[PDB]
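Given as C-alpha cells, the chain that follows is alone and in the form deposited in one PDB entry.
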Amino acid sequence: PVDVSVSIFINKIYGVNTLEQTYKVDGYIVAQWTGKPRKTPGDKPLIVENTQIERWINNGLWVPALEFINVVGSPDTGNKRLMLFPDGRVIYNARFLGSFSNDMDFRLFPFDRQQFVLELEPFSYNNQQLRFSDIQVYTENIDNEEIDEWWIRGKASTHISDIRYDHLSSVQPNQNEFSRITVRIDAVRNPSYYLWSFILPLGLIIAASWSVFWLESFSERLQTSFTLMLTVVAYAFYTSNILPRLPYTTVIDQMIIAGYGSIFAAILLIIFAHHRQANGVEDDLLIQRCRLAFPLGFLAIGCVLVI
C-alpha cells in the first residue's frame, strides 16, 4: 500500500463548547507519500496551489482525502498546496479550521483535566491501499499560563492504529481495516478566575449565612435567614450566566445546593428552638449554641462530598 507520513501543526485550540462537547482546532496538516516519477519543468519541484489542484485530480493525479473522524461537519479548509518533486514524491499541505468532538467529562469543572483528540483517517482507502507510516505532531503553539484558559501539559500523544469496520465486511471480502491516527493533546483548565470569583464569594456568603445564629431575637433570625436565602438565589444567577451550561452538576453547583440546604436547616433549627417550649417560658440558649457546631458539621459534610 501507499505509505503516507502525516505532520499536524496545531496553531490554537479554542472554542470549547461543553453542552456540545466540541472544541475548535486551527492548524495545518501535511501528508507526504511517494509514487511514480514525473517530469517537472526543470529539476525544481512543482507547486500547485489551491484550485489548481483539482485540475491535476481531473488529469488523474492521486490525492487521497484524509478526513477527520471526530470533526463536526466539513472543516473550513483555507489554502491547500501540492508539492510534486521530480523524483516521484508528493506533499499535500492543507490548512484547516474545524470543530472536533470528544468524550469531555466536565465533572470537577474548575479543575478539569481533559484531552483534545484529532482522529484522522482516509475516507476511502483501507490499509491495503493506504497506510500511515508515522505522525509527528508539532504543537509548538504552547505558551504561558498567565493568560491561558487551558494550559497544555506535555506533548501530544500520537497513535497509529487499525480500525476494523463491521459494515464493510459485507461489501468487501477481507480488506475492510482502515489506518487511523489518534492525536491526544492533554490540557488542564485554568481555575484561578473560578476560584477567586466564584468559590471564595460562595464561602463568604455561606459563612455569613452561618452568622444568623448570633442574633438575639427569633423574628430577627427568620427575617435575616430569608434575606440570606434571597442572597443565595441571586448568586445562582451570577454563576449560571457565566459558567458553561453542561448537563450535570459541578463543584460550584454543589456548593450552591449546600448553601441552600444550610439556610433551610438554619430556618428549621431556629423555628424548632423557638417552639421547643412546653408552655412558652423557656428561652433559646442550649440548641442556639450551634454557632460553632453547625458550621463545623456542615464543613465536615462538605469535606465528605468533595472527596
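Numbers for residues come from their place in the sequence shown, where the first is 1. Rigid core: the largest C-alpha set superposing within 1.5 Å between the two forms.
Only in words, not in the display: the form deposited in another entry, which the text now covers.
S.K.: C-alpha of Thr239: shift of 2 angstroms or more between this form and the one not shown, rigid core aligned?
M.R.: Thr239: C-alpha displaced by 2 Å or more between this form and the one not shown.
S.K.: Does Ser219 show a Cα shift reaching 2 Å between this form and the one not shown after rigid-core superposition?
M.R.: Yes, the C-alpha position differs by at least 2 Å between this form and the one not shown.
S.K.: Does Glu145 move its CA by 2 angstroms or more between this form and the one not shown when the core is aligned?
M.R.: After core superposition, the displacement of the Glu145 C-alpha between this form and the one not shown reaches the 2 Å mark, so yes.
S.K.: Classify the change in Cα distance between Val71 and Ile147 in that other deposited form as closer or farther, relative to the shown form (magnitude of 3 Å or more).
M.R.: It is closer: the C-alpha separation of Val71 and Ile147 falls by at least 3 Å in that other deposited form.
S.K.: Given a CA distance change of at least 3 Å, are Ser197 and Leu243 closer or farther in that other deposited form?
M.R.: Farther apart, by at least 3 Å.
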